[PDB]
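Notes follow the structure.
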Amino acid sequence: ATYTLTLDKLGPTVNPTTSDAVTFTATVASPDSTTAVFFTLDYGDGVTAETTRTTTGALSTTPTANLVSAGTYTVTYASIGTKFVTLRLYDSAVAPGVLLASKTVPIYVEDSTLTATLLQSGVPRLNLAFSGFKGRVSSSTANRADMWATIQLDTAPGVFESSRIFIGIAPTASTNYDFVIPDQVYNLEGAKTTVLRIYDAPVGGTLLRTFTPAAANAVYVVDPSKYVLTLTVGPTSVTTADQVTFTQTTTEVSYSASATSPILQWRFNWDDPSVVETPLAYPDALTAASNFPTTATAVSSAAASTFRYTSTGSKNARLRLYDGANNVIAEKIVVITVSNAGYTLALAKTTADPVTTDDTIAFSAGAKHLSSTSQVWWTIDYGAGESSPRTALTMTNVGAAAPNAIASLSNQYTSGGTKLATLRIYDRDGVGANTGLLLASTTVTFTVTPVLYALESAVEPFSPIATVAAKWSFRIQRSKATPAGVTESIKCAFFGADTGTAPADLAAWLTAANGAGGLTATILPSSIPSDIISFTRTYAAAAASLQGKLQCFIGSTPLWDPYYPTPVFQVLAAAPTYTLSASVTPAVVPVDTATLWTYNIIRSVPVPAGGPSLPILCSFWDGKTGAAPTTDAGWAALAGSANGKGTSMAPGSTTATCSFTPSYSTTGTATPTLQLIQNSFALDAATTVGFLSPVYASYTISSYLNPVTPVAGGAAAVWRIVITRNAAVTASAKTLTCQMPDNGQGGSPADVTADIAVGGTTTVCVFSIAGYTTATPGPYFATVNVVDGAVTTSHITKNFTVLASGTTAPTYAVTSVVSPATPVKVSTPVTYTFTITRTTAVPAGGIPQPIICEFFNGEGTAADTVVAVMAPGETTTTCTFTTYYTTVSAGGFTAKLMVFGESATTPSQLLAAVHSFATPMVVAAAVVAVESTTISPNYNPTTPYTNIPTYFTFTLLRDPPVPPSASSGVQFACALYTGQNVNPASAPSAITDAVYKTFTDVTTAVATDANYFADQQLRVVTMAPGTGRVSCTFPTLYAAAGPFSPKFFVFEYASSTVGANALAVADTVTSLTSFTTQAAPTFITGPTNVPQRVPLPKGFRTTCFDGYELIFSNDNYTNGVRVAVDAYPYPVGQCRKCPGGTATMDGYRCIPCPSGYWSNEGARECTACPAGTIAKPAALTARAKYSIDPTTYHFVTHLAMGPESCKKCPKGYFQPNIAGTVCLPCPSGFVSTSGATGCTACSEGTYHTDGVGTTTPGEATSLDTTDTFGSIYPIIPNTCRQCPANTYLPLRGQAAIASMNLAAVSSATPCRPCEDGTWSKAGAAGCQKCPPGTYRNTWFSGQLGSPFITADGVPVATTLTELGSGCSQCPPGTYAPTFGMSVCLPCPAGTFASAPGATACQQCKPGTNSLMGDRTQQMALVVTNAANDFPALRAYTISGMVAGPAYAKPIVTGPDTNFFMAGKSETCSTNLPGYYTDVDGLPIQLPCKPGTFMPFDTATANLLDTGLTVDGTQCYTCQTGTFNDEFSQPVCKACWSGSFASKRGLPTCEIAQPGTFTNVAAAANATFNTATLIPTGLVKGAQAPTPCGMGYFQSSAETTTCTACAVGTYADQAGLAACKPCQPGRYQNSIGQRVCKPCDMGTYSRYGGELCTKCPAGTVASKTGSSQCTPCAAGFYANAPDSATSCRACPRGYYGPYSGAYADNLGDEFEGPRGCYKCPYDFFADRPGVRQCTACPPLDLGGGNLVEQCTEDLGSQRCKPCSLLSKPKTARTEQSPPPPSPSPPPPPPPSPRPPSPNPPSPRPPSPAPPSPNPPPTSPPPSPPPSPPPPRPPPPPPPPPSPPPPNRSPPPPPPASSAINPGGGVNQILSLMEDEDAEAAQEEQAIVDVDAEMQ
């Protein structure tokens, strides 16, 4: 009943077109029933076909195939449009039938002419707008209508068709029309079948065309999220240097969505604009239009790329896969970063000391990069420029190493400018003109010091005359040295001012230098170059000023800087002539003598300003050579040598000095040659300006002879002559010949030739004489000739005297002593004294023998030699030496002395043997010790610091053994142990000296030798000569704090190895006091400091200025006088003016000034006090309340406030110093006025005592000292007092020496009592002499005047004076004709000085002479004053007979008691009577000569004419009858009676000549009365012989009386010599009868006789007065016997026979005995004729007869014849005659004659010839020696040098922390205007400070 039907298109899948046609499938199912039914089909176009009904089979639920299987129901369609096909079922086939069911199906027929295509550009995206769609329509019809297209993305039922899109009309032709389809988001990420549908109408309508993917043109959706591509492109942090590598093989691209997917060619980005993005390309091993790989695959099979980035910036490398439009489905990106700051190069120079161009400048660099290192192109940059190839660098080190090996490049830089060496590394390439990148900068700059050239100038001629050429020479000198192996040539050009203008630029100078005009020179390398360059210039016209400029070029660089001006030289002008003047001293010169010459140079035109000085060489010729130079060249050569000298001309100076002093070999008449030269350097040419002409020895000899004494039988002596010249031998040695004249003994000694070595003024000649031994003692003179050079034959004579010692041989004795003796310390002074003696002592006057004594001490080698001249008086020579031992005794030492006779300028020995010392010297070792020990840095002296490296110093003293100045230096080794063991490990084993001295030698230590602070160290220190103290210095460093025991050892250091301990006893250590080291403090005790520019609020101030004192105070203080109070809230800095006393410099310290000054409140500095004042700081006390504004700082005890502080000195002190802080007293001799700068010198006479009583001296007042100064100044004097009466101070104010003790030491002023005889009118500068008449002496002053005119008899203390001189009048008896004498001498014997003021004595008068005392007093025997004996002063002692018969010579008896004729002060004592004076001036009165008498006065005269007187001057002679034969007698003795005196003036009486006599009554010498010493009672005697009377005779002389002549003699007449006897015939019989009576008649008398005598026997005188009795004749007889008158003849008859016949008269008358007789008888005579009686005549009778006759009686006259008258009668007597008388006897022999005289004695023997002369007094030995002079002491030595400071400051602490709070993190116009104001104020402050310091 119910049937279901389906009908579908069995034909093509696409919708049908016109030609294709269709087939259908229709199935019918009927679940309800299965019955056959007939189906019919109707199409959209019914005309085409009308199908008939056909049966069906079995229907049922299962579908059954029906309709078109192989039938022809298929119909083509012509029309285009939608058709409806209907399938209808009929139950029966008969028309119409029953229609069970019909079904309608619509089909769409498209157009074959229409063509539609769809194009997709890119690959679609999920979720993202993909709008890459286009549609192409190409209708075959010419005109196609409007059209509408719809796009259906998928055929799924969920997806719906899109809205209609109007593509366009498409009106013309069949060309393709393209329309854009809007965006559509695909959501599947799977394969899609996009369908394009075309409609004719917007709504419904026919279907025109469809387009389908058609086998792989399908839209494939791609999801961007499934895609992941890996890039892995090299490294990320690599820099621009490194090349990043794209490894395309490693990268993998995959979709990870489906196996089949569209392929997209990839494209990758550098993000670098320089290179474009890649061409879009497919992955590896793939073809175009192929499915994208489902697995990871490489983008390229064998591609690798290397890329470098251009700038250091971040880059994003992005890969992305493209298809269609450049729109990205997915991109994968990776980041890469780059930086440039990493790279760091460092360049250093190794050789150091950069001197600009000198040497080579060597530098080397290391460049480091941290990681990923690669090549960077490095450029080296000097002062300018960089290399073009730019070198090359390789990287082989990590960034840890700083210096990398880069090519050491070295360059030479030019000029003194800095270099600033720059190394720049440019990264990228650099060879192809592309710039690398700059990475480090990092420039090194080192500072250099260049070398500077020096130029010198000199011209010739030196001033250019017009039209005269000149040549300028320039000296070039370089600084330091030329580099080795480099030679430099200089081209120099000079332009003259006259020639042309100087070039403006450098190029012209260079061109001139390069030209032939320029000059080229060469420099020797590696030495100091001194080059000379010469240019010639000629001036057409002379110019006053020369200015030249020169330029030198070395290579391309000028030597002088172009900015600096070219050198300018001002080189004078006018070529003036020079004037030279000479002066010499002395005029003449001996041989080789120094002479002074000085020379003045004058220039007319002074040198102009701004120019070089003028050097001139003066040439001198000594004259030794022989020929002076005659040309300029020779003189110039002389000047260039040592002979010529140089001078420089001072600018603007015209006066020049040049002095010199030569030597001569021989004196000549020469003055040395001058030449003035000036020349260019190096002596190129010779030029002379001025010329000049010349302006016109001694020896000594000492000769000594050794031995002096000649020796008999011994060796001859040696005589040495030493000749000395004042002048040294200069050129050649001289030979002198010494000749000695012959002395007469041993012949003439030969001459001696002695040569003198060159340079010696002394020569010696030696002589020996053979006969000198026998030489006579006496003087010899020697003449020696001397020859030297031209001057020849000098004479020198030397004199000596040689004694004769005989055969004796002298000897010298040497003895040695030392006062100190034993023991002597080492190195101490010792004095030796040696006595040399000669006992015989033979030399006396002639030759002194000089001695040399040499001393030798025990040095042991096996020396202060000294010479002394032997004095010819003393034989002891005393040699004084010093030895100064410096070694130990080692058993003692001996001193030995040696004697040499040769002296001064030692061949022969004068001692036979050497003499050692008597006592061996004992030497004691030293006693040195360490005096003290001190440490310079220390808390206390005992303990040094802990951390500070303290220095230990030990002081050594050598005690009194001070080392001698003249000796070698002695050194000591001092070694210690500090006690610490921080150093050299273990402590020393023992204390013994052996280990300690070995220790370590640290005498010289380096700073960082590590033994500097050694605990055990030994040093060696040398004592200098002359110093005693030694310092041992040691450094010690203590590691830790603790006790330490320092030990110290001292040893003597000698001969390298140290000696034993210098201390006494072996192994003795000095142990310092053990100490504990104290903590080390840190504090710099340095000057006041200022920080830099600290911020402060306002008033607070870093520094105040010029005097103010900082006040950290809230007190407002503008300047320094406060103002406001409590001003600032928190305290701020201020500053006060300060008080008066102190002064301040800079803003810190109000320091009181030193003593001399004073200050005000706020001045900078204490002003200077005037000189005289004292400027003491005055009392300040302090502040008590302590809240008061302080007066000042507390320590300032006393202050001097203002000018009222300077206080002067009192009167008597001088203040020459300006300061005057205290006041020195006026010394002895200068007196101050006010507080004088200087005390004044007083005058001569005033001195130093107190003068309080005197008014207007200036002695210091109470207000002076007391009120103000207090107790700092006592009271002392200031005055001057004239030396009092007669005393004087001979100097100007040499003060009175005052002693403080008054009663004990009476001090004095130095002025004298003066000397005797001088007064001083109170004061003076000199004593005044006495006027004459007056005198003076120290011991006395006064008189004693006229003593004997006082009746007392004593002198008078006489006090009379002249006022105006005060000089005492000379005592009367004394005078002063003279001004000056101490005692005025008395009057001599024989004048008078009565008045006191004796101007002079006067001679005593003619009558009165002088004698001490008066006359009467002098003759006063008695005494009136028994005590004084004044009037018992007796002076006469006369010579006379005392009263009475007695006669006492010296009536006055005794030695004379008063004789002085001199000390005469009164009346001239009248004369002693024996004496007299005829004149005035007789000293001793003259006794009267013999014969005279001077009576005591005029009246008292014995025998005088009363007219004449004796006026005291006259001695009147004696009278007749007086005599006196002696002197000094008052009167003359009256003669005894025998002797008679007649003449006047008799010393004798005369003998009373015989015949006369004197009987005088009053005649005897005068009687001298004892009372008055005077004679008296003298009356003259008989004046005559007063002759004898007759009757009296005087034959005796000298008689008083006359005696009568005796009997028998007569005295005829007076005066007869003697009695004369009466002549014969006369007689006298009485005594005293002058007449002789004649004898009687007949009587005779003989000569003499008392009475006449009668005749004897027969004789008769026969006369009266007859003298003889004659015997009568024979024949005759006498008258009577014995008396007869006459004789007559006998009578007639008688005869007388005999003559003697006489008559007897008695008896027979006339008869006698011999008479007459008768004759007898016969005989007869008869006529008295004859005596013969005749015997008668016998008569004759007749003639014959004869008759005898006889006379009658006896005698008868007549005879008668015989016979007549009786013959017989004759009887008578007969007698006989008597015998005859005998003959007379013979005469006797005469008396024998007197004998001859016997010879007296021979003449007496002679008195002897003189006896010899006993020797005079003995010669005097020597006197004691003189004391020696002292030696001045030494001054102190200089102090040791200060030690150096420590080393730098120590390394700084690297600093850290912040000192901040809150804990932090964990770790314009007004502007510059105000800053310029700050700078200006700072500059003004600097200017003010600079003004302050100046």
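The chains in the structure tokens are called A, B, ... from first to last as shown; in each chain the residues are counted from 1, and the ligands are counted from 1 in the order shown.
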Who sits within 8 Å of residue A:367, only C-alpha atoms, same chain under 3 positions skipped, as a PDB file with C-alpha atoms, in the first residue's frame:
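Output contents, as saved in selection-v7.pdb:
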ATOM      1  CA  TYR A 343      88.062  44.640  24.513  1.00  0.00           C
ATOM      2  CA  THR A 344      90.948  46.160  26.446  1.00  0.00           C
ATOM      3  CA  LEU A 345      94.472  46.811  25.211  1.00  0.00           C
ATOM      4  CA  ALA A 346      97.268  48.183  27.390  1.00  0.00           C
ATOM      5  CA  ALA A 402      96.183  41.058  30.446  1.00  0.00           C
ATOM      6  CA  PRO A 403      99.213  41.520  28.125  1.00  0.00           C
ATOM      7  CA  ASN A 404      98.931  39.593  24.858  1.00  0.00           C
ATOM      8  CA  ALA A 405     101.858  39.269  22.479  1.00  0.00           C
ATOM      9  CA  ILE A 406     101.521  42.093  19.952  1.00  0.00           C
TER      10      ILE A 406
END
Could you give me, as an mmCIF file with N, CA and C atoms, in the first residue's frame, the residues within 8 Å of residue A:1704, counting only C-alpha atoms and dropping anything in the same chain fewer than 5 positions from it?
data_model
loop_
_atom_site.group_PDB
_atom_site.id
_atom_site.type_symbol
_atom_site.label_atom_id
_atom_site.label_comp_id
_atom_site.auth_asym_id
_atom_site.auth_seq_id
_atom_site.Cartn_x
_atom_site.Cartn_y
_atom_site.Cartn_z
ATOM 1 N N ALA A 1680 273.278 141.197 139.329
ATOM 2 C CA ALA A 1680 272.937 140.531 140.578
ATOM 3 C C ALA A 1680 272.311 139.184 140.245
ATOM 4 N N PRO A 1681 272.374 138.219 141.165
ATOM 5 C CA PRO A 1681 271.851 136.882 140.857
ATOM 6 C C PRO A 1681 270.330 136.866 140.805
ATOM 7 N N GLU A 1709 282.513 140.882 146.844
ATOM 8 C CA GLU A 1709 281.958 141.835 145.874
ATOM 9 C C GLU A 1709 281.722 141.118 144.545
ATOM 10 N N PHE A 1710 282.423 141.488 143.471
ATOM 11 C CA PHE A 1710 282.123 141.067 142.100
ATOM 12 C C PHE A 1710 282.716 139.691 141.777
ATOM 13 N N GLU A 1711 282.105 138.663 142.360
ATOM 14 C CA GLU A 1711 282.507 137.290 142.086
ATOM 15 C C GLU A 1711 281.272 136.408 141.967
ATOM 16 N N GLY A 1712 281.329 135.437 141.054
ATOM 17 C CA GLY A 1712 280.253 134.490 140.868
ATOM 18 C C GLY A 1712 280.757 133.093 140.555
ATOM 19 N N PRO A 1713 279.846 132.115 140.498
ATOM 20 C CA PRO A 1713 280.284 130.736 140.212
ATOM 21 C C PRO A 1713 280.834 130.562 138.807
#
Residue list (strand (DSSP E or B), DSSP) for stretch 811-939 of chain A, as a PyMOL selection string:
chain A and resi 813-817+824-825+831-837+851-856+866-868+877-882+893+896-900+909+915-916+921+923-924+929-935+938
Could you pull the residues within 8 Å of residue A:297, counting only C-alpha atoms, minus those fewer than 6 positions along the same chain, as a list in words?
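My list of contacting residues is residues 251, 252, 253, 254, 283 and 284 of chain A.
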Enumerate, in order of chain and increasing residue number, the residues of stretch 721-740 of chain A with an atom no farther than 6 Å from stretch 750-765 of chain A, each with its shortest atom pair and distance in Å to one decimal, counting only C-alpha atoms, as a tab-separated table.
residue	atom	partner	partner_atom	distance
A:721	CA	A:765	CA	5.1
A:722	CA	A:764	CA	4.7
A:723	CA	A:763	CA	5.3
A:724	CA	A:762	CA	4.5
A:725	CA	A:761	CA	4.8
A:728	CA	A:761	CA	5.4
A:729	CA	A:759	CA	4.9
A:733	CA	A:758	CA	4.8
A:734	CA	A:756	CA	5.5
A:735	CA	A:755	CA	4.3
A:736	CA	A:754	CA	5.5
A:737	CA	A:753	CA	4.5
A:738	CA	A:752	CA	5.2
A:739	CA	A:751	CA	4.8
Please write the residues from the selection above to a file, keeping C-alpha atoms, as a compact mmCIF listing (two decimals), in the first residue's frame.
# COMPACT_ATOMS: atom_id res chain seq x y z
CA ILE A 721 179.31 75.18 55.40
CA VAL A 722 175.59 75.44 54.61
CA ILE A 723 174.68 78.07 52.01
CA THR A 724 171.05 79.15 51.57
CA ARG A 725 169.56 81.18 48.71
CA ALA A 728 164.79 78.59 44.17
CA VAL A 729 166.81 77.07 41.35
CA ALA A 733 171.39 72.94 38.65
CA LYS A 734 174.19 75.16 39.97
CA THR A 735 177.65 74.14 41.18
CA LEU A 736 179.37 76.23 43.86
CA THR A 737 183.05 76.06 44.81
CA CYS A 738 183.83 76.57 48.50
CA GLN A 739 187.38 77.69 49.30
Give me, as a ChimeraX atom specification, all polymer residues having an atom no more than 12 Å from stretch 1233-1237 of chain A, counting only C-alpha atoms and skipping those fewer than 5 positions away in the same chain.
/A:1170-1174,1206-1220,1222-1226,1242,1257-1261,1264,1278-1279
Residue A:1658: which residues within 7 Å, counting only C-alpha atoms, same-chain residues fewer than 5 positions away excluded, as a list in words?
residues 1671, 1678, 1681, 1700, 1701 and 1702 of chain A
I need the residues in stretch 501-548 of chain A that are alpha helix (DSSP H) according to DSSP; give them as an MDAnalysis selection string.
chainID A and resid 506:514
Store the residues picked out above, limited to N, CA, C and O atoms, as a tab-separated table (two decimals), in the first residue's frame.
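Below you can see result_30.tsv, which holds the result:
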chain	number	residue	atom	x	y	z
A	506	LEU	N	110.51	81.54	6.85
A	506	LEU	CA	111.56	80.54	7.02
A	506	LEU	C	112.05	80.01	5.68
A	506	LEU	O	113.20	79.55	5.57
A	507	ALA	N	111.19	80.04	4.66
A	507	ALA	CA	111.54	79.46	3.37
A	507	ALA	C	112.73	80.16	2.73
A	507	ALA	O	113.60	79.51	2.13
A	508	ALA	N	112.79	81.49	2.83
A	508	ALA	CA	113.92	82.23	2.27
A	508	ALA	C	115.22	81.88	3.00
A	508	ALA	O	116.27	81.74	2.37
A	509	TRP	N	115.16	81.74	4.33
A	509	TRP	CA	116.34	81.32	5.08
A	509	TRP	C	116.79	79.92	4.65
A	509	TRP	O	117.99	79.67	4.51
A	510	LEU	N	115.83	79.01	4.46
A	510	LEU	CA	116.18	77.66	4.00
A	510	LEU	C	116.83	77.70	2.62
A	510	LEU	O	117.82	77.00	2.38
A	511	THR	N	116.28	78.51	1.71
A	511	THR	CA	116.85	78.62	0.38
A	511	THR	C	118.26	79.19	0.43
A	511	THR	O	119.16	78.72	-0.28
A	512	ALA	N	118.48	80.21	1.27
A	512	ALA	CA	119.81	80.78	1.41
A	512	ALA	C	120.79	79.76	1.98
A	512	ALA	O	121.94	79.67	1.53
A	513	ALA	N	120.36	78.98	2.98
A	513	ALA	CA	121.23	77.96	3.55
A	513	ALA	C	121.58	76.89	2.52
A	513	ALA	O	122.74	76.45	2.45
A	514	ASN	N	120.61	76.47	1.72
A	514	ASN	CA	120.87	75.47	0.69
A	514	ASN	C	121.82	76.01	-0.37
A	514	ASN	O	122.50	75.24	-1.06
Please measure the separation of atom CA of residue A:1192 and atom CA of residue A:1888, giving the value in Å to one decimal.
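Rounded to one decimal, the two atoms are 29.1 Å apart.
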Spatial neighbours of residue A:623, 12 Å, only C-alpha atoms, chain gap at least 2 places, as a list in words:
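Listing them by chain and then by number gives residues 620, 621, 625, 626, 627, 628, 629, 643, 662, 663, 664, 665, 666, 667, 668, 669, 670, 671, 672, 673, 674 and 694 of chain A.
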Give me, as number ranges by chain, all polymer residues having an atom no more than 9 Å from stretch 1361-1372 of chain A, counting only C-alpha atoms and skipping those fewer than 2 positions away in the same chain.
A: 1317-1321, 1328-1331, 1333-1336, 1341-1346, 1358-1359, 1374-1376, 1383-1384, 1393-1399, 1464-1466
